[PDB]
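Reminder, nothing fancy here: chain letters follow the sequence lines and each chain counts from 1. Note: hydrogens, waters and symmetry copies are ignored here, and every other heavy atom, side chains too, is used.
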Protein chains: 2
Amino acid sequence: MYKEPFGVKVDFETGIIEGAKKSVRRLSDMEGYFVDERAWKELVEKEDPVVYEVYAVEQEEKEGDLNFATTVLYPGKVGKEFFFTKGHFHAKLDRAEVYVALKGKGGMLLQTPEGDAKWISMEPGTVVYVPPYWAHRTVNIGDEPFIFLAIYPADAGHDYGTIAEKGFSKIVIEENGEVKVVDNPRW
Amino acid sequence: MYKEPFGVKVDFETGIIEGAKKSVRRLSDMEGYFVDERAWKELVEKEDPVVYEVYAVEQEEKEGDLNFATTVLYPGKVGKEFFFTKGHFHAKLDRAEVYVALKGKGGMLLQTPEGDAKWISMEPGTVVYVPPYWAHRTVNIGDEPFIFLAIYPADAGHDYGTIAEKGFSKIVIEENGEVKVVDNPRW
Ligand SMILES: O=C(O)[C@@H](O)[C@H](O)[C@H](O)COP(=O)(O)O
Ligand SMILES: O=C(O)[C@@H](O)[C@H](O)[C@H](O)COP(=O)(O)O
Ligand code: NI
Ligand code: NI
């Protein structure tokens, strides 16, 4: 039986999607992710702020089909490091992804199975192409929420494990009032 | 070898993607698409207007990779029928598509291989899920350009022929100042 086509309203101001399933990631949910463990533990104990929320509209895992989701990435820093999404590779490594930036100032960090990294800046209107085999993470480098829509293959799945253990070969920090992408000492 | 990640600017007011492949379809490229053949002949002679332009960023046709494109669908009528895109099924029938409406007033007409139809209104912010197996055509029901962004599997391909010969089982016309979706009499 064919699936029913539908339309859902996406609010470009809030990132809210009608009919989507919500996910909330708090700072506590990201242990071992930031370089400055002291600032992390401090921020968690003090307020454990929400780092980001995802509104996902997903299908059964089937070749050729597509999922889409917005993310609202809140502004913040853990020590010198800007708030970011956990980041992942796809379970089916060769699945690509397309991001559309809607609001705020941010960017995407990407890296290969081997660690070679790239940084792509994102402002409203920017569409980012995430090629097959690249892990990807988004970072809010500004003062307001960074909101974007992502469209990805239904069967792409997720590999958070690799990233959670080694992180990205680079980190994005504020140094002298400036955003800088630098080597991860933890790597 | 890994492909290079990249970002491109999409302009939400004009639908133009900087550096993208541009395609232009004029009414003369749409012989046998509109119900009112005489009105089609007449409008082509008087003016041969651009019905739509597409700005496409495509990858090689491999499983799991993704293409994206904007379309600028111009306002107009052929007789009583609103300007529309040619419409197609995918070559790999079971490939889905996701559409994001950016500007203007329109909608999508979809139908199964058996001719069952569905109409989904589109205003700015509407995201439409085009399921596996469903042919899809966009229609402009207002007086300004209807602009939207579409993301689709790189291997989906196109099947235009099926629609080129028999059309869609429904049409979208203006009747008594109102938009109406009704049976295609030539189907
Ligand atoms: O599909 C995606 O890759 C995004 O929707 C991310 O899942 C989302 O931004 C949250 O990031 P992560 O999944 O890395 O926690
Ligand atoms: O991926 C899509 O289906 C869209 O980009 C359409 O191709 C585009 O709107 C043009 O319509 P058609 O391809 O039916 O002429
Ligand atoms: Ni992903
Ligand atoms: Ni299509």
Side-chain angles (χ1 to χ4, degrees), chain A residues 13-16 21-56 69-90 97 99 101-124 126 128 130 134-150 158-187, chain B residues 5 7:
Chain A
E13 288 319 271
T14 62
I16 286 182
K21 159 180 102 168
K22 193 175 192 180
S23 267
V24 177
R25 290 312 172 248
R26 262 155 197 283
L27 199 46
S28 32
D29 293 293
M30 306 171 69
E31 170 168 321
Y33 276 89
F34 297 90
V35 170
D36 189 335
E37 205 219 338
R38 265 189 82 77
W40 178 83
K41 222 172 277 194
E42 152 123 31
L43 200 35
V44 168
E45 287 170 19
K46 206 207 100 211
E47 58 164 301
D48 198 18
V50 166
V51 184
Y52 60 102
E53 291 157 320
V54 183
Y55 291 89
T70 46
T71 295
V72 176
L73 218 206
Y74 294 97
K77 281 194 262 160
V78 177
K80 294 183 211 105
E81 231 177 336
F82 285 109
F83 271 11
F84 56 63
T85 54
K86 278 185 256 217
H88 64 271
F89 279 98
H90 292 134
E97 190 153 355
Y99 282 61
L102 300 178
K103 197 166 179 85
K105 266 196 288 169
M108 195 187 294
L109 234 218
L110 300 94
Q111 81 179 203
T112 57
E114 288 81 42
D116 294 304
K118 256 110 189 196
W119 165 255
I120 296 194
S121 81
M122 289 170 68
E123 57 188 32
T126 296
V128 179
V130 189
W134 290 82
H136 45 283
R137 151 188 293 176
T138 36
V139 183
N140 189 339
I141 61 172
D143 317 33
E144 312 251 38
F146 176 48
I147 312 182
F148 57 77
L149 171 61
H158 295 100
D159 182 0
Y160 288 100
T162 306
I163 291 329
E165 171 114 31
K166 322 198 280 190
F168 278 65
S169 66
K170 296 280 176 188
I171 60 175
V172 190
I173 67 159
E174 206 179 326
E175 195 174 81
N176 298 139
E178 268 141 67
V179 179
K180 296 182 184 175
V181 186
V182 301
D183 275 16
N184 190 347
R186 247 180 64 251
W187 221 82

> Of all heavy-atom pairs between A:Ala69 and A:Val54, which one has the smallest distance, and what is that distance?
CB-CG1, 3.9 Å
> Would you indicate whether the side-chain heavy atoms of A:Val51 and A:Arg26 approach each other to under 4.5 Å?
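Result no, sub-4.5 Å side-chain heavy-atom pair not found.
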> Partners of A:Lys180 by salt bridge (charged side-chain N to carboxylate O under 4.0 Å, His left out), sequence neighbours excluded?
A:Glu175
> Show the numbers, then the answer: is there a salt bridge (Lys or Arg N to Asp or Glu O under 4.0 Å) between A:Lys170 and A:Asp183?
CA-CA 5 Å; A:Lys170 296 280 176 188; A:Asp183 275 16; 2.5 Å; yes
> Using a strict cut-off of less than 4.0 Å between a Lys/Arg side-chain nitrogen and an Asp/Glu carboxylate oxygen, indicate whether A:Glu37 and A:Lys41 qualify as a salt bridge.
yes
> Quick check on A:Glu174: does its CD atom have over 12 non-hydrogen neighbours (other residues, nucleotides or ligands) under 6.0 Å away?
yes
> With a 3.5 Å cut-off and no angle check, do the side chains of A:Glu97 and A:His90 form a donor-acceptor pair?
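Yes, side-chain donor-acceptor contact under 3.5 Å.
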> Tell me the closest heavy-atom pair linking A:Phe168 and A:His136, and the distance in Å.
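Closest pair (atom of A:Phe168, atom of A:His136, distance): CZ-C, 3.8 Å.
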> Taking the side chain as C-beta and beyond, is there a heavy-atom pair between A:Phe82 and A:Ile173 under 4.5 Å?
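No. Closest side-chain heavy atoms not under 4.5 Å.
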> For residues A:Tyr99 and A:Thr138, determine if any side-chain heavy atom of one lies less than 4.5 Å from a side-chain heavy atom of the other.
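Yes. Closest side-chain heavy atoms under 4.5 Å.
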> Determine the minimum heavy-atom distance between A:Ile163 and A:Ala135, stating which atoms define it.
CD1-CB, 4.2 Å
> Do A:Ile147 and A:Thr71 make a side-chain contact, defined as non-hydrogen atoms from C-beta onward lying under 4.5 Å apart?
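No, their side chains stay 4.5 Å or more apart.
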> Indicate yes or no: at least one non-hydrogen side-chain atom of A:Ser169 is less than 4.5 angstrom from one of A:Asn184.
no
> Restricting to salt bridge (charged side-chain N to carboxylate O under 4.0 Å, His left out), what partner residues turn up for A:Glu31, sequence neighbours left out?
none
> So which heavy atom on A:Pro124 is nearest to which on A:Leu102, and how close?
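In this case the closest contact between A:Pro124 and A:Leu102 is CB-O, 3.5 Å.
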> Any ring-ring contact (aromatic ring centres under 6.0 Å, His included) pairs touching residues 27-56 of chain A, not counting sequence neighbours?
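Passing the test, one end in residues 27-56 of chain A: A:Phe34-A:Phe84.
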> A:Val130 versus A:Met108: any side-chain heavy-atom pair under 4.5 Å?
yes
> Provide the closest heavy-atom pair for A:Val72 versus A:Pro145 in the form atom of the first, atom of the second, distance.
CG1-CB, 4.0 Å
> Compare all side-chain heavy atoms of A:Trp119 with those of A:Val172 and state whether any distance is below 4.5 angstrom.
yes
> Considering only heavy atoms from C-beta outward, does the side chain of A:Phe89 approach that of A:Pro113 to under 4.5 Å?
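With C-beta onward as the side chain, the pair touches.
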> Apply salt bridge (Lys or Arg N to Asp or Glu O under 4.0 Å) to A:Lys105 and A:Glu123, showing your working.
CA-CA 5 Å; A:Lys105 266 196 288 169; A:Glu123 57 188 32; over 6 Å; no
> Would A:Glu53 and A:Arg25 pass as an ion pair if we require N to O under 4.0 Å?
no
